[PDB]
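**Q** Sharing an experimental structure here, sequence included.
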Amino acid sequence: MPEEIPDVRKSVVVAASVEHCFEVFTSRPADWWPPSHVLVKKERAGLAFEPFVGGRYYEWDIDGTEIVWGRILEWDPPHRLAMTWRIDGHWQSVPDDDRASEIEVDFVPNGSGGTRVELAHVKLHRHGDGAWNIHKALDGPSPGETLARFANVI
Ligand SMILES: CC[C@](C)(O)c1cc(=O)c2c(C)cc3c(c2o1)C(=O)c1c(O)cccc1C3=O
């Protein structure tokens, strides 16, 4: 959980379908952020999700109004898609991010309810200045990595 976010690439297979992987993201990504063992500093309130290229996802915080914490780049019909993240230093959305980075993500459907996902983020440090702090509100726990909470619920 370093304050700086250098380029890192990790991937794992979870029991889920690529369409399902995104159904959860566009269905209720905040509802599972907080499982129980780990608590979130801010309570998620609502979430807006629409499909498209250069897309955007919005999260509602009881203390934070509606804002965009991520972005998209393009969707590949099969099961592959690249996405960009749109966020500001104070969790605010802006017409364009000078410190924006590109992320490459690919999904592969595996029968028996299994999906392989490869998510890699590079040049993220472009935001620096407490960059992880921004992610910290989004919850960046180490003991309960993202694969632990979101994969188990899926
Ligand atoms: C501490 C948060 C974590 C898990 O290290 C993290 C941080 C990550 O940077 C991260 C990266 C690099 C890749 C994945 C994932 C990544 O998530 C990831 O969570 C993931 C997943 O939950 C299910 C399928 C695939 C993935 C990933 O490919």
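**A** The structure has been received and is ready for your questions. Residues are numbered from 1 along each chain as shown.

**Q** Which positions in the protein make contact with the ligand?
**A** Proximity of the chain to the ligand (C-beta under 6 Å from any ligand atom) is limited to residues 8-12, 14, 117-121, 145-147, 150-151. In this view, the C-beta of every residue, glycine as well, is placed from N, C-alpha and C.

**Q** gap between the residue most central in space within the chain and residue 112?
**A** The residue lying closest to the centre of the chain (C-alpha atoms, centre = their mean) is residue 70, at 7.0 Å. Look at residue 70 and residue 112: by C-beta to C-beta, to the nearest Å, they are 30 Å apart.

**Q** Taking the residues of the chain next to the ligand, please make a PyMOL selection of just the buried ones.
**A** The PyMOL command for the buried members of those (criterion: 16 or more other C-beta atoms under 10 Å) is given here:
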select buried, resi 14+117+119+121+150+151
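
**Q** List the ones among the residues of the chain next to the ligand that fall in helices.
**A** residue 146 (DSSP state H).

**Q** all strands in this protein, in order from the N-terminus.
**A** Taking DSSP state E as the criterion, the chain carries its strands at 8-14, 44-50, 56-61, 66-71, 74-76, 80-84, 102-110, 114-121.

**Q** check contacts around residue 45.
**A** Residues in contact with residue 45 (C-beta atoms under 8 Å, 6 or more residues apart in numbering) are 60-62.

**Q** Let me know the closest of the residues you listed to the ligand.
**A** Of all the contacts of residue 45, residue 61 has the smallest distance to the ligand: 20.1 Å, by C-beta to the nearest ligand atom.
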